[PDB]
Amino acid sequence: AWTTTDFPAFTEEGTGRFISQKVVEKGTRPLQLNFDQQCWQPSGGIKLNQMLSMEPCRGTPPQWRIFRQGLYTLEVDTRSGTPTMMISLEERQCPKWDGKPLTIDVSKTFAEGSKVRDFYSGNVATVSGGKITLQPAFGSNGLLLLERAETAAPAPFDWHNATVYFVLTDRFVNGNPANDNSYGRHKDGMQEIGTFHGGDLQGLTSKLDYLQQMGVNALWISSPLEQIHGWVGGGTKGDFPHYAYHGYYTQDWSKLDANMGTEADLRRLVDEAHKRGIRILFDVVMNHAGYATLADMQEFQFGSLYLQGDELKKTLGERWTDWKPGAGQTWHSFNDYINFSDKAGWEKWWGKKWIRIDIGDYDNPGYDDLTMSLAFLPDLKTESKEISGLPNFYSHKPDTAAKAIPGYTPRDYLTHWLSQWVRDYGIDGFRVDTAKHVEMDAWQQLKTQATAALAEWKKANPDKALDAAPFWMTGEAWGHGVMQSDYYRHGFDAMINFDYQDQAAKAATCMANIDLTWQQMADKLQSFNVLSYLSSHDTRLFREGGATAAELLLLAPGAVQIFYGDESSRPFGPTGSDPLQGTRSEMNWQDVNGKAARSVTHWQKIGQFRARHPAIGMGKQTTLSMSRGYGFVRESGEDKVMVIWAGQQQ
Ligand SMILES: [Ca+2]
Ligand SMILES: [Ca+2]
Ligand SMILES: [Tb+3]
């Protein structure tokens, strides 16, 4: 019932939002939205990709200026009470689409006389002569998501149909600003490339409904465990202070990092998530501890400085971590104050039984994946059989839950420390970092202990547990593809798939180009699982897919990983002299309620569809042969879907 001249009637794309699309030639035209006899118009000028205020129609209608030809989207939002609206433009051996309805042969898929729903539109059609006719809705990108109209709700969770949301908690939602500066951490007052922005568990807990609406059923959070308190030089040029905002620079595995919140905050995160049918994954590290920082050296009384006497307080200050680089220095310059050769000083850190590192009197790193010091990080001796006792510097850390345990090796402590979280909070699985730099046996020990820990909790908490499924574990082995490697026989249920990113890239301008990849994956993954992604914190943000990134990821066989902000085209941020930093940019919440709202809606719909159909993640694929457009069927057990893509609208 929303309309404007020379554009189709608006359809609802999300509650309270209505949109319309058309290919429009260059030129100028008036702009009024009508809803019956209500007439509205832009009151504050006309720009693209901005929330336009609107007034009741008076005088001459505002003149909208069409600079470039293309498919435009008009949106109107009634959620605020008064109508706002928005305009946006979507700037070959590829199937073309005239824009008009499609007639699909469904004779081998859906029963004669039955009802078939296109989930995206909600339109339902009765199979007659083995055929249905349907118009792809606005925002579909020409998709039909065909299911039996009987389909009503989400299907039972399966890890092979999982929609995993991977979030860097610090960069998501700041629920409580009070804990932003734990252990004397500061903002840099520059571009905050490597600082703690202040995102926390409380904040994340506040967005569980939003995640639930996307059809997310697994939440992978950055490690919430206590990190190094200080910072190191950021990037190749030391143009920013690098803090452990990502969770990969752990110091105490036994405690939560104060930036993240309290024990109660975690309990609420996990319990609320479970209530919504969302599983929880901790990012975990056993390869390395965090770098030595001034904050930690001072606090826990380890390491060695070249500065002696009055020179120490006058250069580094009362709190050494408050040091900032002066003229002619970088954030790497502080290293010149540190004496990394002093044996006694640096033994007071982790200690010779715990880590490998080219410092002091430590065991030197090896020249292979397993024993090397990855980017100069202290390499934990997971393969050691030596009884170690606690790390030396823990003697000056009275707030630790870590107790010395008779007979324990460094590995035994680590697996105990991680499993305790599983035991206490009912963490459903892990994502394992740096998988190829730790021996397979260690991962097996982690899995065994974690499996036991989860089973113990579910038995203790029968009210809370969703099912009796076993602990799950995925891993990052660098460059891993769609292959059932030996990781699968040392405790990994799935490995992260590095190859999907490039395949999706080749289908960014033409969705149908993914067909061969999807066929191969659907077949290969009949006997195992992988976790595929478009975007990651150590590759890039995938933004070349126009509006089609949702379907490219979410219709993939196997488990899939949404990197926070994929749904809202979160932009690459300031990155300085480390090319990876921009991928950890702040979540663009302002865009989520504004210019990215229809994108978010698009992801919600395609994700909700996947959640209803295990055949997407698990089923065997048959690619349809048609004269127009592209289409396939997938089938797993009683579940069956048909996906049709009309093709390019221009
Ligand atoms: Ca905070
Ligand atoms: Ca190692
Ligand atoms: Tb190796």
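Residues numbered from 1 in each chain as written, not as in the entry; some residues may be left out. Chains lettered and ligands numbered in written order. Heavy atoms only, no water.

Per the deposition metadata, X-ray crystallography was the technique used to determine this entry, at a resolution of 2.699 Å.

(A) Just the overall build of the protein, in detail. Within the protein one finds 14 helices and 32 strands. On C-alpha atoms alone, the protein measures out to a radius of gyration of 27 Å, which is about the 26 Å that the 2.2 N^0.38 rule sets for 650 residues. Projected onto its principal axes, the C-alpha positions of the protein cover 80 × 60 × 45 Å. Looking at the protein residue by residue over its 650 residues, the buried ones come to 59%. Carbon and sulfur atoms form 50% of the exposed surface of the protein, whose accessible area is close to 26300 Å². For the protein, the centre of its 65 positive side-chain charges and the centre of its 77 negative side-chain charges are spaced 5 Å apart. (Helix = DSSP H or I, 4+ residues; strand = E, 2+ residues; numbered from the N terminus. Rg over C-alpha atoms; globule rule 2.2 N^0.38 Å. Buried < 20%, exposed > 50% of the residue type's maximum accessible area, 1.4 Å probe, protein only. Areas by Shrake-Rupley, 256 points an atom, 1.4 Å probe, with all protein chains shown as cover. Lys, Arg positive; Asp, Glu negative; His and termini not counted. Charge placed at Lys NZ, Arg CZ, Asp CG, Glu CD.)

(B) The arrangement of the coordination of the calcium ion (ligand 1) in detail. Distances from the calcium ion (ligand 1) to its protein donors, namely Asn174 (OD1), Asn176 (O), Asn179 (OD1), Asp180 (OD), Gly198 (O) and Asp200 (OD), fall within the range 2.4 to 2.5 Å. Read from N- to C-terminus, the donor residues coordinating the calcium ion (ligand 1) fall into the pattern N-x1-N-x2-N-D-x17-G-x1-D. Residue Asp180 is classed as buried on the basis of its relative accessible area of 6%. (Donors = N, O, S within 2.8 Å, 3.2 Å for Na, K, Ca; no water.)

(C) Main features of helix α10 (residues 515–524). Taken together, the buried positions of α10 are occupied by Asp515, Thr517, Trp518, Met521 and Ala522. Seen along its axis, α10 keeps its buried residues to an arc of 160 degrees; they face one direction. In α10, those exposed residues whose orientation departs by more than 90 degrees from the buried face are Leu516 and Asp523. (Arc of directions from axis to C-beta.)

(D) Fine view of helix α13 (residues 597–612). The end-to-end C-alpha distance of α13, which contains 16 residues, comes to 23 Å, matching closely the 22 Å that a straight helix rising 1.5 Å per residue would cover. Most of α13 is tucked away, with 14 of its 16 residues classed as buried. (Expected span 1.5 Å × (residues − 1).)

(E) Region of interest: the UniProt feature "binding site: Ca(2+) 2" (unreviewed entry) in the protein. The positions UniProt marks with the feature "binding site: Ca(2+) 2" (unreviewed entry) are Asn287, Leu370, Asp379 and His437. Over a stretch of 151 residues, the named residues converge on one spot in the fold, their C-alpha atoms separated by at most 9.1 Å. For the largest pocket, the lining residues drawn from the annotated set are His437. Take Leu370: it is sitting in the loop between β23 (355–356) and β24 (379–380). Leave out the neighbours within four places in its chain, and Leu370 touches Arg356, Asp379, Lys436, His437, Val438 and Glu439. (UniProt positions renumbered as here; feature names shortened; annotations may be inferred. 1 Å grid on protein atoms, 1.4 Å probe; cavity = no way out; pocket = protein on both sides within 12 Å on 5 of 7 lines; lining within 4 Å. Contact = heavy atoms within 4.5 Å.)

(F) Fine view of the coordination of the calcium ion (ligand 2). At this site the calcium ion (ligand 2) is bound by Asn287 (OD1), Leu370 (O), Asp379 (OD), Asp379 (OD) and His437 (O), with donor distances of 2.3 to 2.6 Å. In primary sequence terms, the donor set of the calcium ion (ligand 2) follows N-x82-L-x8-D-x57-H. Overall, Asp379 belongs to the buried group, its relative accessible area being 0%.

(G) Region of interest: the UniProt feature "active site" (unreviewed entry) in the protein. Mapped onto the present numbering, the UniProt feature "active site" (unreviewed entry) falls on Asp433 and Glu476. Across 44 residues in sequence, these annotated residues keep their C-alpha atoms within 5.3 Å of one another, forming a single compact spot. The subset of the named residues that lines the largest pocket consists of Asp433 and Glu476. With respect to the helices and strands, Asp433 occurs in the loop between β25 (429–432) and α8 (440–460). When its relative accessible area of 8% is taken as the criterion, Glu476 is described as buried. Setting aside its immediate chain neighbours within four residues, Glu476 contacts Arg431, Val432, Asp433, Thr434, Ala435, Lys436, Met495, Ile496, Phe498, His537 and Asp538. At a separation of 3.3 Å, a polar atom in the side chain of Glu476 contacts the side chain of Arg431. (Polar contact = N/O pair within 3.5 Å; in protein donor to acceptor, adjacent residues only side chain to side chain.)

(H) Examining the environment of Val173 more closely. Checked against the element boundaries, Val173 lands in the loop between β16 (163–167) and α1 (201–205). Note: C-alpha distance between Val173 and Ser206 (33 residues apart in sequence) is 8.2 Å. When near neighbours in sequence (up to four residues on either side) are disregarded, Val173 contacts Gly199, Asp200, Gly203, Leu204, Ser206, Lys207 and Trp589.

(I) The arrangement of the pattern of salt bridges in detail. All chains considered together, the criterion is met by 36 salt bridges. In this structure, the salt-bridge partner of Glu55 is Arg58, at a minimum N-O distance of 3.1 Å. Residue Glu55 is classed as buried on the basis of its relative accessible area of 18%. Its salt-bridge partner being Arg543, residue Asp566 comes within 2.9 Å of it at the nearest N-O pair. Separated by 23 residues along the polypeptide, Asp566 in the loop between β29 (559–563) and α12 (589–592) and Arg543 in the loop between β28 (529–533) and α11 (549–554) bring together distant segments of the chain. For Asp566, a relative accessible area of 4% corresponds to the buried category. A cluster of three or more residues bridged by salt bridges with shared partners is formed by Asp209, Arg268, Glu272, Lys275 and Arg276. (Salt bridge = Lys/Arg side-chain N within 4 Å of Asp/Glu carboxyl O.)

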